[PDB]
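Protein chains in written order, with PDB author numbering: chain C, 1 to 155; chain Z, 1 to 140, 227 to 300; chain E, 292 to 716; chain A, 1 to 227, 239 to 633, 655 to 752; chain S, 541 to 678; chain Y, 601 to 743. Using N, Cα and C, we set each Cβ at its ideal position, and we do this for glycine too. What follows is a set of notes on a single structure, which appears directly below.
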Amino acid sequence: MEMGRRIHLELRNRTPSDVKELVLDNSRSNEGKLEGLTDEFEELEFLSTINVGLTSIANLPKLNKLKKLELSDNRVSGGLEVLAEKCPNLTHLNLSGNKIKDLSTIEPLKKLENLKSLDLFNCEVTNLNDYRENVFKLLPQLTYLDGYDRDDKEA
Amino acid sequence: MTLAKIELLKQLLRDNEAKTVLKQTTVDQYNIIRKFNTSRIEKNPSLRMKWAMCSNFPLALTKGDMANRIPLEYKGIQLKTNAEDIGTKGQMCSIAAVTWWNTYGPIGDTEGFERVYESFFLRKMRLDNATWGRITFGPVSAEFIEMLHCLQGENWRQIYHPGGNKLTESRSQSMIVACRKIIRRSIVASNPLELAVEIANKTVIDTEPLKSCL
Amino acid sequence: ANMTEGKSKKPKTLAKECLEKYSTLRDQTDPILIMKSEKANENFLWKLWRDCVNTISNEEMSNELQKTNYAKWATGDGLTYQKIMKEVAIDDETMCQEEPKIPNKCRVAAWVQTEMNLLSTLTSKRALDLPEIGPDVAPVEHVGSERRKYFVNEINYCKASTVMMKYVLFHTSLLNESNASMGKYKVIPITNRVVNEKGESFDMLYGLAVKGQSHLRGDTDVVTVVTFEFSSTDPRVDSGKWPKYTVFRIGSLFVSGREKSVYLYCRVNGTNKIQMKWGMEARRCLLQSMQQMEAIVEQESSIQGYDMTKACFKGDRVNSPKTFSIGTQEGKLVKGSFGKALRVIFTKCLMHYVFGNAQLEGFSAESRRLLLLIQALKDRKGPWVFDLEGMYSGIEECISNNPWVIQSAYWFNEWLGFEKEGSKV
Amino acid sequence: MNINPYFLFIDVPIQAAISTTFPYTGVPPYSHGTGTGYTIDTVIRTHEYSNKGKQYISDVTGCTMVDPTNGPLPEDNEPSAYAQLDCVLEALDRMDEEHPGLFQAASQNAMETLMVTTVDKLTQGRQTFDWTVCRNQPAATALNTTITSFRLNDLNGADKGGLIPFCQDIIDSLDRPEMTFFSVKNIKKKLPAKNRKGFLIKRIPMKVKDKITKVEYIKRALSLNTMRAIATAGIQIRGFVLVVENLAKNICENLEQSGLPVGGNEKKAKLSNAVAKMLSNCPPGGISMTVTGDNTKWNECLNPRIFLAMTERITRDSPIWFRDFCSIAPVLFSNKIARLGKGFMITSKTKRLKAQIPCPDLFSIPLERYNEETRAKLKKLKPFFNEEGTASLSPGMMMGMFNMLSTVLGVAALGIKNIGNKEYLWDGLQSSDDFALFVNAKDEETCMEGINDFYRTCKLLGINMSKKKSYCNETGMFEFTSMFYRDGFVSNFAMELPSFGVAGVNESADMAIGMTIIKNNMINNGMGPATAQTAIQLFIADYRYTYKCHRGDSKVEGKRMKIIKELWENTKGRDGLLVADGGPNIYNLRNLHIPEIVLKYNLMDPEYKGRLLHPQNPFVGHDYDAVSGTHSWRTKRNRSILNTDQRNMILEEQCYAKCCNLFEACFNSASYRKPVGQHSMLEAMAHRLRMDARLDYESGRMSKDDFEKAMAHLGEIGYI
Amino acid sequence: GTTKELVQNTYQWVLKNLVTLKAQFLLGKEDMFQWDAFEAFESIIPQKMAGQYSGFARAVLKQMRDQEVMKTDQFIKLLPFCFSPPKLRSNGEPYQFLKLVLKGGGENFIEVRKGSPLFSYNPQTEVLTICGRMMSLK
Amino acid sequence: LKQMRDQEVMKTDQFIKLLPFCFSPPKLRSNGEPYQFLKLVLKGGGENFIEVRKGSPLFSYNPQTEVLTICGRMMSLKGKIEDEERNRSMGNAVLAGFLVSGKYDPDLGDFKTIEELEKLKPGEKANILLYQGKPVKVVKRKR
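If you want it as structure tokens, here you go:
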């Protein structure tokens with residue numbers, strides 16, 4: 001199975017601007033990328049990339065309608081500033097299970113202002129003193145986190 | 001069957017040793033053999049009392065009219081036991097019994113108690129009449231040793247003065263301290279004048295305003 | 292967690308209610324093994340855990356195991372050698388003394404840093420409720436009360452305090468169970484009583500543990516106990532952190548509508564009555580940390596002539612809130628409030644007590660001399676050493692396998708490097 | 001942010017930072033095992049540092065003896081036990097000259113105290129090695145057993161009451177050809193016990209008489225048994252060591268250098284005063300250096316012969332009898348024999364077997380069957396081993412037994428103050444294991460020359476300074492017995508903290524003991540106000556948990572808590588109620604020396620005062657300070673076995689088991705139907721069977737014929 | 541039996557005879573929803589609100605049949621709740637829910653979106669955890 | 601207090617208990633909804649706490665005799681208590697935006713902690729516990 005097969009199954013061989021969500025899960029990728037998603041995409045709301053072996057974020061269509069994106073179980077470790085230049089309209093961010101070394105990796109999210117929830121589970125950065133407080137004062141725009149900002153609501 | 005036990009007892013009585021041991025050894029002595037048979041002494045006194053208190057009747061009890069004054073039961077709670085004990089040669093009482101005595105026990109007369117334990121009362125009186133001073137940190227008398235725990239430390243010193251029957255300047259000794267407190271309340275607050283006068287006008291030494299005493 | 296009004300109940304009933312609330316975990320019968328110990332048998336441990344939960348969920352007041360089969364065969368209690376008369380051993384030629392299993396040598400463990408980092412954080416719950424004291428009159432009493440107020444406020448919710456309370460409570464229960472039951476297996480839940488900011492109090496259950504028999508009446512005799520503790524961390528992430536644990540996967544909890552797995556770390560262990568007493572006394576870390584903080588404050592006040600408590604905590608007009616160098620961030624020094632320093636001190640004391648063995652105490656005793664010499668160097672006192680390599684050998688003789696000792700050596704090296712690089716200014 | 005606790009040292013002086021590193025001043029449970037191997041290693045090391053001395057065979061005990069005194073001087077920095085007698089005598093002479101009339105006064109005071117003392121003083125001590133049974137027993141039991149054996153052997157020193165007759169009888173007992181004594185022997189059991197067969201096997205002790213030849217008793221008296240003390244000494248040695256230590260304490264008390272028996276802030280005062288004194292008389296423009304010296308193998312190098320020489324020199328002008336009395340202890344120690352303990356353990360994995368080899372059979376097996384370290388240790392220990400599982404040990408001091416004399420010797424070493432009339436003056440402090448040395452000179456080079464001279468001098472006296480655990484620095488900052496001093500500030504390394512739980516006497520007594528313990532900790536160990544208040548809080552919590560006496564207004568439930576709540580509801584003076592009655596605690600620093608009864612008297616309810624302090628209440632019946661009320665109850669303290677002879681002869685007859693079996697059925701059918709209270713078990717059985725027959729007939733279980741038959745049989749019993 | 545046992549048995553009865561229900565679903569008739577097995581299920585739904593659950597489930601199942609394709613897990617989850625008659629809104633539309641509470645409260649709840657303590661199907665491996673027990677759907 | 605005033609459930613005990621705390625400036629959550637508490641702790645820790653639902657050593661009320669207990673001192677509140685005050689027992693003055701609507705219904709589930717109450721949505725009914733043996737059923741309100 002490949003990203004192309006998932007794209008064909010979800011789109012069912014139709015125009016790219018017909019679905020506002022994608023499910024790219026359990027898909028092998030060339031050197032850890034997210035190919036199979038052409039830049040021609042114009043409308044997209046939800047994303048899902050799990051067990052894709054994504055190692056970096058360097059290929060992504062420019063978008064202005066996406067609000068949620070899901071990355072998990074990946075060895076990606078690099079600056080995410082490119083998201084601002086690609087789609088500065090993210091509201092739900094999920095990095096659960098990813099591999100991030102230190103706090104500097106999550107710095108480039110400051111320039112994004114629409115993010116309200118960020119998820120980081122069993123991450124090497126999560127095991128630090130005052131990581132919760134340090135992240136909060138580092139990303140003032142954030143309104144939610146792993147789930148315990150002040151209360152518990154569901155996405 | 002009663003008859004079977006009776007015949008067995010008669011057969012046992014036929015033998016001299018069994019008859020002797022049954023005639024001499026008491027029911028109280030019967031418990032003793034089982035104890036050493038399957039029990040022994042323990043250690044760690046702190047935990048020992050912890051275990052003992054949870055038991056039913058851990059406290060020894062004296063024999064007398066007062067001992068029998070307290071009841072056997074109280075609101076569904078046992079207090080003591082009727083049968084005699086072996087060790088103490090008397091009754092045994094539960095912990096709750098003590099509390100019962102503190103609640104509904106006979107009210108004795110405590111007149112002259114201070115005289116008997118006069119030293120402790122003198123110590124308490126000396127402590128009460130203390131005039132604590134300042135506390136000074138590192139540089140970088228019979229009545230004084232008793233309080234040494236609160237006077238001198240490794241890197242601090244507490245200025246403390248003794249007391250004892252210094253009565254006569256009562257009213258004065260009152261007003262000063264009261265006045266002092268007023269200042270302590272006013273200096274911290276902004277514009278101490280109005281607050282100080284307000285507190286001074288609304289203070290009474292137990293019958294009269296501070297102004298009259300001053 | 293199982294919110295309760297605040298009444299005191301027997302541990303068995305508390306465990307029963309906690310399992311009832313999380314019924315799915317209790318009714319788990321098919322274990323999804325995730326990791327295994329080198330020697331322990333997963334089947335025996337799982338059957339023992341099933342027996343423990345069955346006993347907890349029953350109705351009898353006693354917490355005594357009735358299926359002694361798996362308990363006996365799981366802790367290796369039947370594999371003990373049989374003692375024979377000395378004469379046969381003298382006559383026998385195959386009976387020879389065995390060599391001592393000297394501790395292995397291990398490198399730096401990355402999980403101790405995470406332990407120290409996390410145990411010093413402030414959680415949402417506190418587990419300390421101490422009684423009251425008489426009114427304070429003397430100035431020394433006021434100073435002490437202020438110090439106590441600041442200390443408790445700073446470390447009330449610290450996770451280290453909750454862990455310490457769990458440790459002391461579990462050891463107290465273990466010691467109590469050894470009162471009259473010595474030849475029988477006893478099931479003991481690892482419970483805790485906790486209170487949150489809102490005031491509502493919870494009764495947490497951290498797992499179970501079955502304690503075996505100690506036929507010998509000696510107090511320094513190991514009584515094997517096997518403990519099954521719940522956790523939410525997948526051991527595969529740090530394979531080297533758990534070479535001694537047998538872990539299953541029981542079920543999944545939901546906190547914010549999201550599924551998080553639950554593993555059951557099962558481990559065999561051996562401890563004696565004196566170790567129970569040591570665990571019970573492990574509450575002395577509170578007094579130890581308070582004494583350390585009070586020594587710091589006393590030194591600060593001795594520089595001056597007046598107390599420095601509020602000034603060094605909150606700061607007065609003349610002074611500023613004292614700040615302490617806490618740790619490192621991306622290789623750079625980081626400062627923090629006195630509260631963080633107090634929390635780190637408390638966590639360090641708790642870890643020292645928990646990870647205590649002869650190696651740790653020896654290493655501390657010799658690092659005392661090394662630290663004193665470093666201090667003399669700092670104050671330009673011109674220290675002289677007669678046999679430096681003797682001190683270094685004495686210190687290194689104790690760094691074999693203790694996680695705390697190894698991490699302390701690592702931190703000492705880092706701090707020594709920092710002092711060297713900072714003394715040239 | 002990776003925490004680094006050591007970074008605290010950047011912002012805080014290390015002396016304050018490492019304050020109270022070890023909460024425990026005692027011993028941990030995980031310390032390296034002190035078994036037969038450890039004692040063997042200790043004796044090996046003791047004989048190793050003195051192997052260049054004179055080796056001979058004792059003509060009394062027939063054991064190998066090593067005498068290093070006046071031996072060849074060391075040619076290497078390794079520890080040495082060769083202490084020249086002349087140097088020690090000269091040091092004592094210098095001390096006496098500096099402190100005229102000190103040795104004479106101290107010896108006179110010690111002899112007067114010995115004359116006025118009593119044998120009972122020997123009962124104040126830790127575990128003592130009882131020789132009659134050859135084990136470790138409490139001091140009182142050991143003294144009683146020794147007295148009984150002496151009485152059996154026509155020795156009645158304890159009868160006179162004085163300690164001098166007791167020690168005279170000890171040294172006389174060391175001369176009897178044959179010594180008879182009592183001993184305890186355990187024999188197996190055959191009496192019934194209900195587990196599944198009404199039969200159990202245990203051990204019962206009995207007292208027997210045993211005799212031992214002269215040499216056996218001589219060896220036993222000198223034996224040192226092992227249980239950071241490494242061994243304990245019997246009763247034959249206790250009196251003499253007590254007298255010698257009293258003498259040494261009398262000498263030390265007036266020695267400004269001695270760091271003992273100072274306790275509390277007096278230690279800080281002594282430290283600061285010593286520093287100030289040394290700095291004051293420093294040469295104008297000179298340099299003052301301080302060494303926090305430590306002594307390696309302190310007690311494995313000091314020789315009992317040197318202590319004998321010190322005792323003889325000190326008591327040079329004293330009655331001859333007192334001189335002999337003082338000398339009896341060093342000579343006893345110079346012949347000490349160590350006991351190796353239990354033994355070793357050897358196992359066979361293939362057959363899953365293990366066995367314990369006791370000390371007498373240590374060499375009964377080829378050495379190839381022991382691991383490498385034990386093999387080497389036994390090979391080295393062979394010459395100093397006896398056939399009775401004991402090791403001869405002439406040198407050494409096996410930890411603290413002459414601590415005061417050790418401090419005196421250290422002070423003597425520190426009192427020389429100069430060698431070769433060079434430009435350096437040394438002094439300092441020493442407390443029985445550790446010394447702080449202050450040396451004033453012109454330049455650091457001369458200070459280090461003086462330090463080297465002091466090192467050589469102490470080597471000549473047998474004191475071995477630790478080069479691997481000592482350092483030198485400009486005076487003003489140092490350590491002395493886990494007490495760091497730094498330019499006026501003073502901190503502690505290890506402080507004992509209150510242990511969990513109550514003292515274990517009773518409510519009022521436990522409260523008083525806890526408060527006085529907190530007060531003593533504040534006074535001596537230097538516990539700060541906040542720490543003391545937190546200790547008070549913890550003690551109150553533990554006390555309430557132990558006695559189930561939570562606050563009267565709390566919402567907890569308990570058997571005693573209902574009555575406590577009722578009393579709290581009925582009481583007006585709720586501030587006057589004791590903590591034991593669920594009242595509010597009012598203890599604080601200013602009132603840690605006042606009993607709570609006295610504290611709350613003025614606030615107590617007069618009716619509550621009468622009930623609590625009733626002159627005749629049934630609880631009280633018939655250190656710390658408290659008030660005798662209804663909270664001074666006594667717990668049942670009655671266990672073990674009495675009437676030993678009668679019970680033993682009854683249990684050895686035969687028919688006891690049948691009596692138990694008959695008793696069990698009837699008196700266990702019901703939980704408690706026993707007319708207890710000294711009733712003969714036969715009488716209780718008669719009453720029980722009478723009642724059972726009555727009930728059976730009333731309910732119809734038996735006919736009138738069986739009823740009458742039962743009453744006739746019971747008529748023969750005698751209780752009907 | 542307990543509520544958990546009833547949920548387990550109902551879902552197992554659904555799973556075993558999957559062919560019958562999946563065939564009846566295509567026809568689109570109420571006969572399949574009026575099965576006897578769900579009567580006991582009707583006991584473990586709040587009476588005051590079970591009808592709303594049934595109406596919502598019926599509406600979502602109709603939408604499933606109309607405007608999308610096969611989705612076995614959601615059909616499984618939402619089938620049993622439709623036995624009780626519905627109670628439509630005043631206007632005429634069905635009530636919307638995302639958390640179906642069950643008798644006993646607390647853990648006894650089904651999640652409409654993904655899964656819950658009683659029901660949770662993972663598609664990545666196609667495994668259905670029901671009342672703490674895993675079935676396979678391959 | 602505002603909720604009590606709006607819908608008439610005015611209870612003298614709750615008013616007296618919670619009046620002093622009203623000084624400090626309000627500190628609401630990001631949602632704009634007031635915090636929720638079970639007991640309000642004061643300085644000194646331990647006993648120094650006021651229970652919002654049942655009673656604390658520092659403050660307790662006995663409606664049978666209408667007696668107010670403050671720090672162990674007892675007073676009578678005769679004339680300051682309305683007849684209908686007792687009937688509206690406690691449930692309308694323990695949480696913000698919640699009012700009583702029924703009684704204990706095991707079917708709805710066990711008692712809900714403050715954590716679930718705070719995240720609840722309007723129009724949803726929950727169950728709470730005042731003290732041992734006196735549960736109650738409440739419902740969130742927009743006002």
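For the pair residue 117 of chain C and residue 71 of chain C, the CB atoms are not nearer than the 8 Å cut-off. From the beta-carbon of residue 604 of chain A, no residue of chain E is found nearer than 8 Å; the closest lies around 13 Å away. The beta carbon of residue 214 of chain A sits closer than 6 Å to those of 177, all from its chain and outside the five residues before and after it, given in chain order.
Scanning E:554, E:307, E:301 for the CA closest to the CA of residue 322 of chain E turns up E:554. Taking all protein chains shown into account, residue 56 of chain A has fewer than 16 neighbouring C-beta atoms within 10 Å of its C-beta and is therefore exposed. Under the Cβ criterion (8 Å, minimum of three pairs), the region 279–289 of chain A does not count as touching the region 49–65 of chain A. C-alpha of residue 302 of chain E to C-alpha of residue 741 of chain Y: approximately 39 Å in a straight line. Within the region 129–150 of chain A, no residue places its CB atom closer than 8 Å to a CB of chain E. DSSP places residue 27 of chain Z inside the alpha helix (DSSP H), whose first and last residues are 27–38. In this structure, the CA atom of residue 13 of chain Z is about 10 Å from the CA atom of residue 691 of chain A.
Close to residue 714 of chain Y, with beta-carbon spacing below 7 Å, are these residues of chain E in chain order: 489, 491.
In summary, residue 337 of chain E is buried, with 16 or more beta-carbon neighbours lying within 10 Å of its beta-carbon over all protein chains present. Neighbours of residue 646 of chain S across chain Y, judged by C-beta separation under 7 Å: 709, 710. If you check each beta-carbon in the region 66–89 of chain Z against every beta-carbon of chain E, none falls closer than 7 Å. Taking residue 355 of chain E as the centre and dropping the five residues before and after it, the same chain places the C-beta of 346, 472, 475, 476, 477, 478 closer than 8 Å to its C-beta, in chain order. Between residue 155 of chain A and residue 139 of chain A, the beta carbon gap of about 19 Å keeps them out of contact (Cβ cut-off 8 Å).
Contact annotation, residue 98 of chain Z with residue 665 of chain A: C-beta distance approximately 6 Å; criterion of less than 8 Å satisfied.
For residue 562 of chain S, not one C-beta of chain E is nearer than 8 Å to its own C-beta.
By the C-beta criterion, the region 79–93 of chain C is judged to be in contact with the region 56–70 of chain C, since at least 3 inter-stretch pairs fall below 8 Å. Among the residues of the region 589–616 of chain S, none has a Cβ less than 7 Å away from any Cβ of chain C. Residue pairing for residue 693 of chain E: DSSP places it in no beta bridge. Under the three-state reduction of DSSP, residue 487 of chain E is assigned to strand.
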